[PDB]
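**Student:** Sharing an experimental structure here, sequence included.
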2 protein chains.
Amino acid sequence: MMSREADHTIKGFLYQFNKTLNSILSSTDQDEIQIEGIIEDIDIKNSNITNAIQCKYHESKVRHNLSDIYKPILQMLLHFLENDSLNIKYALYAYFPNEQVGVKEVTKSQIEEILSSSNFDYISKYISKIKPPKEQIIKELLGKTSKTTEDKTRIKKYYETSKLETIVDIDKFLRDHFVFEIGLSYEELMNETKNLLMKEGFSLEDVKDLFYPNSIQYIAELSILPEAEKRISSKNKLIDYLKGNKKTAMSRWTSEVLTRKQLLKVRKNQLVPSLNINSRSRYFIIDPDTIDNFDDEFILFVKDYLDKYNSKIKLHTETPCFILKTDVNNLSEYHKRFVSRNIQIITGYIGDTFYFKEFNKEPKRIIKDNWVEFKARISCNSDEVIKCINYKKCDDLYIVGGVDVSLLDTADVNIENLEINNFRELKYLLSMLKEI
Amino acid sequence: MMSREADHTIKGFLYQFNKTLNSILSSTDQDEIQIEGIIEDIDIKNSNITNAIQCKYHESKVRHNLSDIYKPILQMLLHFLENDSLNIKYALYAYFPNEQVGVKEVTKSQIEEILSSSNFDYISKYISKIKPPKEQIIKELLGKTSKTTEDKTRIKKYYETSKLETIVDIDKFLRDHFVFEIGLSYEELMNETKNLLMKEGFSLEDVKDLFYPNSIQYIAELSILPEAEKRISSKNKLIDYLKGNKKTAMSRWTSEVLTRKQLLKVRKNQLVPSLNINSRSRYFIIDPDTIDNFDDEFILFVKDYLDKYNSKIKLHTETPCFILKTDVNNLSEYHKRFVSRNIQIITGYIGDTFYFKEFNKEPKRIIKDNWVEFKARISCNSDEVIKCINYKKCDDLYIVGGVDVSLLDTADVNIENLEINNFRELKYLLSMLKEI
């Protein structure tokens, strides 16, 4: 049972995809778009917020039903009464299997009729805040985090026959806020989006894997900066970013849901370049937070990498390394483990110091001895750690979920991000594990 | 002893090198660069020409002297006066070891002192035209194409003691015209130019061999079209041609002269990569207009190229071909010579008509015979001949000097020019021959 907030975020991203497709199709000047801070109370202090993308979709069988709109409508209704009194007009952008395409109209009577859902969940979740009851016992029960069947029956009886007038102006939010529209079939719209994107030369899978995620990330980040003027986009900017470089694009986010057969893609085959070569120093950047297990796990992952991609000393001349922002001292737990399963490696930080020479110096290999001073080393992506881009430039850069990827030069780096759940998927991804 | 016109053309090439370097440095709206039709009396009938580059230098020992500017100044002086009085203001960019940098000032006295060179070469080549001699015998001797020492001494005496009065306005001929500027050491300036070109990512040698020729050829051909409006250049166009596509860019010629030991360099070894791989189908383009001993030389080039990179059946899987504009029918004249040494190579025209289906067939190499169905292919480029990029898109398109470049897709087809006078130089640069 996925959380309703996750569904809201997914629908918002889908509407972002629709807006991006509209931008691509128009190929001219487009209205101003700014992101909205509804996922959490960020309070960016920007009055220019109109999108308020919080759509949601439920099961549909035929035509339209009066009950197809659940609490989410009540969620946006409560969200209208913001603390700062800021324009947060929401919208709904979903289908009705067989229904006229248009707005639901702002008739007061229809919205009042819908408001009479008479459901305990809705009453106790969001409606209760909308209507401050005059029976303080109801408020006490709601704030007690403990309710019984008799309490639910009493509450529904009170709110059904003894309806109480809310404190918010009735005529304001019923007509001036909220809007409804018929959306697009995203499951079937993916093919149409791919077809429309395939208009220039491009390639077969590059657009499906590289260019479209780049465009989506650009659209998402267009309005994340503190400055409120960055939203300005004209025809010139759109045409410039449609075919400015569009060769590598320095991709930053990936992992769509096209072929996620218990495995990530795009950064699965493409890892072969820059890694089959024996003169590269690729680093890994990840975070234990996105991962489900890091106290004594990661070292054995290191195993399958410290005897296959540096073996055959006659060819290899560089050493792998692994970076992950764990903590200043938590990694000290591994500090006794690392020489346990017969691998010679170095933490590289050892305490509260960010050493520089060890992390970037090339070890000397001896062909005959079948051994080197260390096959690899582990590392940490702390705040003051920039040695992926400076020297021995981490010729296969990875990111998972979310990392402190700012304050970086980002120059001539084949940044190949891939958001995942745990390490096993990575071991599969670099073609080291047959399954999972 | 290179011709002075060749020196002027080379100096124009260096001046446009400097212009291209400045343009790359700025990346913004700049001056309107228009080429100059002064190499021959082409008579473009265009007046919006200001560059008019006719520089030339001599040996340099220390600082500068009055004798550091020879005849070229006189050629400039005569070229100010044409039959139509076209705006032909030339410019000089002479370099000196270390001296005051600036203009030579337009004072009449300095130019008049420079005029009194009193040298037979100057008197009999161009100066005589400036001053119509009042002695008709002098004109008869000059036009007789036969002169003796006594005649030269008499002319010098007449022009020295009996100095003639020219028919051109001296005040307007030495003051309102002529501009001088101190140049820089170009031999050491080319290294700085190459260093400055490698400002963006680019690559170690792509900028040296691919992007620099692209920019230079584009600058040269910007204003070669008959229309005078094409010279308009803006910041948007400059940035678009600076990073819009800039991957192959459909070049047409490479660097003229550098540190060559009787053979052009730099592009000699970079060409070996992308060739040893058994799936590389680089093409070539040649012209008998510039090449001299190309009547049946190419013949064994085929053979010689066809045992180096079309042998070793166990590995090689693709074959080269040579698309070269020789003639609609002279190709069949070549075709006699083609099949004599048991090398069956497709004509391309298959007579006189280039075809599309049977110029791109993939050969089937056979291990048990150490030979292939057809050991190579070729074709000849007329107006309607476009096949380099369509199938097996000639990753490394090759040209010499420069050939028709119209109606080209210019997609993932790296361009390289190998200026040559025969097939020995090309075979050297392609890493098949040993010397020359």
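**Tutor:** Yep, that arrived. Numbers count the residues shown, from 1 in each chain, chains lettered A, B, ... in the order given.
**Student:** secondary structure element for residue A:19?
**Tutor:** Assigned by DSSP states H and E, residue A:19 falls within helix A:4-26.
**Student:** Buried by neighbour count: which residues of that helix qualify?
**Tutor:** Using 16 or more other C-beta atoms under 10 Å in any protein chain shown as the test for burial, helix A:4-26 gives A:7-8, A:11-12, A:14-21, A:23-24. Where C-beta positions appear, they are placed from N, C-alpha and C, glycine not excepted.
**Student:** And for stretch A:104-117?
**Tutor:** A:104, A:111, A:115, A:117.
**Student:** Now the first one: closest residue in space, sequence neighbours ignored.
**Tutor:** Read that as residue A:104. Of all residues not flanking residue A:104 in the chain, residue A:180 sits nearest, at 4.0 Å (C-beta to C-beta, 6 or more residues apart in numbering or on different chains).
**Student:** What of residue A:315?
**Tutor:** Nearest one to residue A:315, counting by C-beta to C-beta, 6+ apart, is residue A:278 at 4.4 Å.
**Student:** Which strand or helix spans the one you found?
**Tutor:** Using DSSP H and E, residue A:278 falls outside every helix and strand.
**Student:** Looking at the buried residues of helix A:4-26, which is nearest residue B:302?
**Tutor:** residue A:24 (48.5 Å; C-beta to C-beta).
**Student:** That closest one contacts residue A:194, doesn't it?
**Tutor:** No - with contacts counted by C-beta atoms under 8 Å, residue A:24 stays clear of residue A:194, the gap being 11.7 Å.
**Student:** Show me where the stretch 301-436 of chain A has its strands.
**Tutor:** A:321-324, A:377-378 (DSSP state E, counting those that start in this stretch).
**Student:** what are the pairing partners of the longest one, and which direction each?
**Tutor:** For strand A:321-324, the paired strands and their directions (DSSP bridges) are strand A:283-286 (parallel), strand A:377-378 (parallel).
**Student:** Save those as a markdown table, and put in distance to residue A:434 and mean neighbour count too.
**Tutor:** Shown next, in a markdown table, are the strands paired with strand A:321-324 (distance: least, C-beta to C-beta, whole Å; neighbours: other C-beta atoms under 10 Å in any protein chain shown):
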| stretch | distance to residue A:434 | mean neighbour count |
| --- | --- | --- |
| strand A:283-286 | 21 | 24 |
| strand A:377-378 | 25 | 22 |
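**Student:** Show me what from chain A comes close to chain B.
**Tutor:** Within chain A, the positions adjacent to chain B are A:201, A:236, A:243-245, A:247, A:411-412 by C-beta under 8 Å from any C-beta of the partner chain.
**Student:** For chain B, give me its nearest residue in the stretch 251-400 of chain A.
**Tutor:** Per C-beta to the nearest C-beta, residue A:393 is where the stretch 251-400 of chain A lies closest to chain B, at 11.9 Å.
**Student:** In chain A, what residue lies closest to chain B?
**Tutor:** For chain A, C-beta to the nearest C-beta, closest residue to chain B: residue A:412, 4.8 Å.
**Student:** For residue A:135, which non-adjacent residue is spatially closest?
**Tutor:** Nearest to residue A:135 is residue A:158, by C-beta to C-beta, 6+ apart, at 6.5 Å.
**Student:** before we move on, what about residue A:356?
**Tutor:** residue A:387 (7.2 Å).
**Student:** ok, that neighbour - contacts?
**Tutor:** A:356, A:359-360 (C-beta atoms under 8 Å, 6 or more residues apart in numbering or on different chains).
**Student:** Filter those down to the buried ones.
**Tutor:** Applying 16+ other C-beta under 10 Å to those flags residue A:359 as buried.
**Student:** Inside helices: which ones of the contacts of residue A:387?
**Tutor:** A:359-360 (DSSP state H).
**Student:** Just name the closest of the contacts of residue A:387 to residue A:423, please.
**Tutor:** Nearest member of the contacts of residue A:387 to residue A:423, counting by C-beta to C-beta, is residue A:359, at 21.2 Å.
**Student:** Distance of that closest one relative to residue A:374?
**Tutor:** Distance of residue A:359 to residue A:374, computed by C-beta to C-beta, to the nearest Å: 12 Å.
**Student:** before we move on, what about residue A:202?
**Tutor:** Taken as C-beta to C-beta, the span from residue A:202 to residue A:374 is 44 Å.
**Student:** what do you get for residue A:226?
**Tutor:** On the measure of C-beta to C-beta, residue A:226 and residue A:374 end up 43 Å apart.
**Student:** neighbour-wise, which of the two wins?
**Tutor:** Neighbours of residue A:226 and residue A:374, each counted by other C-beta atoms under 10 Å in any protein chain shown, are more numerous for residue A:374; the result is 15 against 8.
**Student:** give me the number of residues near the residue nearest to that one when sequence neighbours are not counted?
**Tutor:** In this structure, residue A:374 finds its nearest non-sequential neighbour in residue A:344, 4.6 Å apart by C-beta to C-beta, 6+ apart. Residues lying near residue A:344 (other C-beta under 10 Å) number 15.
**Student:** Could you tell me which residues make contact with residue A:344?
**Tutor:** Residue A:344 touches A:372-375, counting by C-beta under 8 Å, 6+ apart.
**Student:** ok, the residues you listed vs residue B:125, which is closest?
**Tutor:** Distances from residue B:125 to the contacts of residue A:344, taken by C-beta to C-beta, are shortest for residue A:372, at 75.0 Å.
**Student:** Residue A:345 is in contact with that closest one, correct?
**Tutor:** No - with contact defined as C-beta under 8 Å, residue A:372 does not reach residue A:345; the gap is 10.9 Å.
**Student:** what's the overlap in contacts for those two?
**Tutor:** Common neighbours of residue A:372 and residue A:345 (C-beta under 8 Å, 6+ apart) do not exist.
**Student:** which residues sit against stretch A:246-258?
**Tutor:** A:190, A:208-211, A:213-214, A:216-217, A:264-267, A:399, A:405, A:410, A:413-420, B:247.
**Student:** So which of the residues you listed sit within helices?
**Tutor:** Using DSSP H, those in helices are A:190, A:213-214, A:216-217.
**Student:** Could you tell me which of the residues you listed count as buried?
**Tutor:** Buried among the ones in helices among the contacts of stretch A:246-258 by 16+ other C-beta under 10 Å: A:190, A:213-214, A:216-217.
**Student:** Pick the one among those closest to residue B:139.
**Tutor:** Using C-beta to C-beta, these come closest to residue B:139 at residue A:214, 75.5 Å.
**Student:** quick one, what contacts that closest one?
**Tutor:** Contacts of residue A:214 (C-beta under 8 Å, 6+ apart): A:249, A:251-252.
**Student:** now the closest residue to residue A:132 other than its chain neighbours, what's its secondary structure?
**Tutor:** Spatial nearest neighbour of residue A:132, chain neighbours left out: residue A:167 (6.0 Å); criterion: C-beta to C-beta, 6+ apart. At residue A:167 the chain is in coil, as set by DSSP: H, G, I helix; E, B strand; the rest coil.
**Student:** quick revisit: quick one: contacts of the helix or strand in which the residue nearest to residue A:135 is found?
**Tutor:** Assessed by DSSP H and E, residue A:158 sits inside helix A:149-161. For helix A:149-161, contacts defined as C-beta under 8 Å, 6+ apart pick out A:118, A:120, A:123-124, A:127, A:131, A:133, A:135, A:138, A:141, A:164.
**Student:** switch to 6 Å and redo it
**Tutor:** The contact list for helix A:149-161 (C-beta atoms under 6 Å, 6 or more residues apart in numbering or on different chains) reads A:118, A:120, A:123, A:141.
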